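In case it helps, UniProt numbering puts the sequence shown at residues 1717 to 1787. All residues carry an ideal CB built from backbone N, CA and C; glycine is no exception. Right, one structure below, let's go through it.
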Amino acid sequence: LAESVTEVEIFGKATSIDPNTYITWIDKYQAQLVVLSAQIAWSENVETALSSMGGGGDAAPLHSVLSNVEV
């Protein structure tokens, strides 16, 4: 789980995602851990976006999080 979340951090942070390496990550790690890694990455991303919303109070990084999830 630690290695999988470390790997999926790169995919989550970057808008451009390569299907080859993403399928490679899916294949490498178990379904339980793949789902867990996606959930942890999404939770952390939403929390950072919400903290930035609370601090700056301008624009919407949550829109970026939604766009990444849509991609």
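In the structure shown, the three-state DSSP call for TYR1738 is helix.
Sequence-distant partners of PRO1777 (beyond 5 residues in either direction) whose C-beta falls short of 6 Å from its own C-beta, in its chain, are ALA1765 and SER1768. In this structure, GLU1723 lies near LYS1744, with their beta-carbon atoms less than 9 Å apart.
By the criterion of a C-beta distance shorter than 6 Å, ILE1756 is surrounded in its chain by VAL1721, once the five residues flanking it on both sides are discounted. Secondary structure of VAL1724 (DSSP, three-state): helix.
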